[PDB]
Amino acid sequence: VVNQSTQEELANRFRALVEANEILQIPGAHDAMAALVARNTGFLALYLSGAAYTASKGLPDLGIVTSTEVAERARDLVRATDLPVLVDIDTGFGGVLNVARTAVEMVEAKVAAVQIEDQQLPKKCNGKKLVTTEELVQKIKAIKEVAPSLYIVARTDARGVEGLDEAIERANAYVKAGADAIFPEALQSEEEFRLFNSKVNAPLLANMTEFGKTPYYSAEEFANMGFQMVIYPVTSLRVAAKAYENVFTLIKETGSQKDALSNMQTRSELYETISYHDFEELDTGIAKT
């Protein structure tokens, strides 16, 4: 709260990063603290996956979270860093109208971009089912209608369930509806990357998630195969939960945490990252005047 950019300013800052020559590395941050470390690391864009946010709250990725829920966490990310944030919003949390509200809720939270997919949920009473191309298109039309200032990324899981060629047709159809970029989940080879890149006239997103169906290509490698941005969605929570495990086990069976001191953020680093000095100069600046 010590001295920024508006939603469209953050949105236009996000587009230029995608339009830029170099590939846009987008790390996911489940909380505002992690968002700060990403900013301090040098990253220019932010990401919020439902998978990490749910796990952060101890819930499974089953769509049992509300759209407002995500908008609040996305707000903590923007407030703390003033960086362009890409938000995973599943299927828009409902029908065309729920998507519209979802879209507006994101703009209010000064979110630069959102990510909607073509999966069919809620699934009937553990499988990947898709909606009709028209159904997601309608959702895309709704977003552009109620929130034109919002950058759009469209996720398609058609490669797995339908096929490589049906995924491209869906992609180009999502593009003509208003989607600025395409998230093609589960492309299986370098050749599939390049062919998808050439057949679709839109920047491609890379899901660099761990222990998944994607080889650990470098960001430079994704850039040469036809991708203009790359995400590391659940990485933040992944290293965090592993760290809790270490320090908790230590305290539990040794009786102290004196062995994990090397794996900790010191007082000064917390102070600095949290910008205590800027809160002090504010209050003191008002004080001496």
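Throughout, we count residues from 1 along the sequence that is shown.
- In this entry, the higher average B-factor at the C-alpha atoms falls on 26-34, of the pair 26-34 and 230-238.
- Averaged over Cα atoms, the B-factor as recorded in the entry is higher for 126-134 than for the other of 74-82 and 126-134.
- Reading the B-factor column for the CA atoms of 165, 192, 90, 180 in the entry, the top value corresponds to 90.
- Considering 172, 198, 98, 207 together, the PDB entry gives 198 the largest C-alpha B factor.
- Ranked against the other modelled residues of its chain, the C-alpha B-factor of residue 261 as given in the entry falls in the highest third.
- Ranked by C-alpha B-factor against the other modelled residues of its chain, residue 144 falls in the middle third.
- Among the modelled residues of its chain, residue 111 has a C-alpha B-factor that falls in the highest third, as given in the PDB entry.
- Per the PDB record, residue ranking by Cα B-factor puts residue 153 in the middle third of the chain.
- Looking at the C-alpha B-factors along this chain, the one for residue 104 belongs to the middle third.
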